[PDB]
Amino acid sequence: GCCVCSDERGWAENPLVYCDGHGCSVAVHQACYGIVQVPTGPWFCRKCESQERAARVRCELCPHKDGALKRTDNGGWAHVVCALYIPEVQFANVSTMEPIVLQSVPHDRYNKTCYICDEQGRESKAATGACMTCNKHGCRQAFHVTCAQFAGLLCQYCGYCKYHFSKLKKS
């Protein structure tokens, strides 16, 4: 489906677009990646269009490689999905969704430990990047956006730790 949201198909007015770059598996809705007009030929994501060392084109807000990336204001790269769920992250242009603006992200997002990384053999990565916090008031569980994404814990634009998600009646 889409690398950014949890919708598996596109819509006529918002198609699901597949990157044709070699080795790349990025697929995004037009609206999930800020694509202005849908391409008539092969389409390439910003990473595949990049001429940078591959080791460098990766999200600085989380430890997962690949996925749907845009350039940042500090000369780096970040996931669109990480940008959408860390509250203080912004975009210079919300239509094109780029560059991703990190200058207003506070210390508070960078001094946490991702509990999911800690559980999944990524202890060395748990205190890197930026974390969202569980939406339950009083809960101190913190986690990378993409770690929660893969765990099915993301939901405007918030998430829960596994425990509080388990305590919420699903409707």
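The first residue of the sequence shown is number 1, and the count goes up from there.
The modelled chain breaks between residue 155 and residue 156, where 10 or more residues of the deposited sequence lack coordinates.
When the mean C-alpha temperature factors of 162 to 170 and 3 to 11 are read from the deposited coordinates, 3 to 11 comes out higher. Looking at mean Cα B-factors across 48 to 56 and 65 to 73, the upper value is held by 48 to 56.
Based on the entry's C-alpha B-factors, the most elevated value among 102, 114, 38, 145 belongs to 38. In the PDB entry, a CA B factor belonging to the lowest third of its chain's modelled residues is recorded for residue 134. Placement of the Cα temperature factor of residue 127 within the chain: highest third of the modelled residues, per the deposited record. Sort the chain's modelled residues by C-alpha temperature factor and residue 33 lands in the lowest third, per the entry.
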